[PDB]
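Engineer: With the input below, show me the fold.
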Amino acid sequence: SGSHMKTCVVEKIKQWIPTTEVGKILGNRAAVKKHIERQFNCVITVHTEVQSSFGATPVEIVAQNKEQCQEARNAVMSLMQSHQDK
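Structural biologist: Residues are numbered from 1 along each chain as shown. Have a look at this structure:
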């Protein structure tokens, strides 16, 4: 704190994924989620304690900038850093 330009402010994004692929993020100690956090310096938080009428589970993202938050957001929509099975 007390920086001449740095702040505690951070970016945020939120999206839903069907429960049929939550295992593509949390299938092993969330090591796949932690790989996306090291790939974009972002942070990610799945919320399996939540479920919409869509039956899907939501997830959230945090980063220093949208230039780092959007790259982690667009990765989970198709690559998931574990979708190599297809």
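Engineer: what does the longest helix seen in the chain contact?
Structural biologist: For the chain, the longest helix by residue count, based on DSSP state H, is helix 31-40. If you take C-beta atoms under 8 Å, 6 or more residues apart in numbering as the criterion, helix 31-40 is touched by 24-26, 42-44, 46, 63, 68-69, 71-72, 75-76, 80-82. For the C-beta atoms, the positions are set from N, CA and C on the backbone; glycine is no exception.
Engineer: again, only using 6 Å
Structural biologist: 25, 43, 44, 68, 71, 72, 75, 81, 82 (C-beta atoms under 6 Å, 6 or more residues apart in numbering).
Engineer: closest to residue 10 among these?
Structural biologist: Proximity of the contacts of helix 31-40 to residue 10, judged by C-beta to C-beta, is greatest for residue 43, which lies at 8.6 Å.
Engineer: re earlier: now, which of the contacts of helix 31-40 lie within helices?
Structural biologist: Using DSSP H, the contacts of helix 31-40 in helices are 25, 68, 71, 72.
Engineer: How many residues are close by the last one?
Structural biologist: Neighbourhood size, residue 72 [other C-beta atoms under 10 Å]: 22.
Engineer: before we move on, the earlier item: any chance of TSV for the ones in helices among the contacts of helix 31-40, columns distance to residue 59?
Structural biologist: Shown next, in TSV, are the ones in helices among the contacts of helix 31-40 (distance: C-beta to C-beta, whole Å):
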residue	distance to residue 59
25	7
68	16
71	15
72	10
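Engineer: now, the most widely separated pair of these?
Structural biologist: 25 and 68, at 18.2 Å, using C-beta to C-beta across these.
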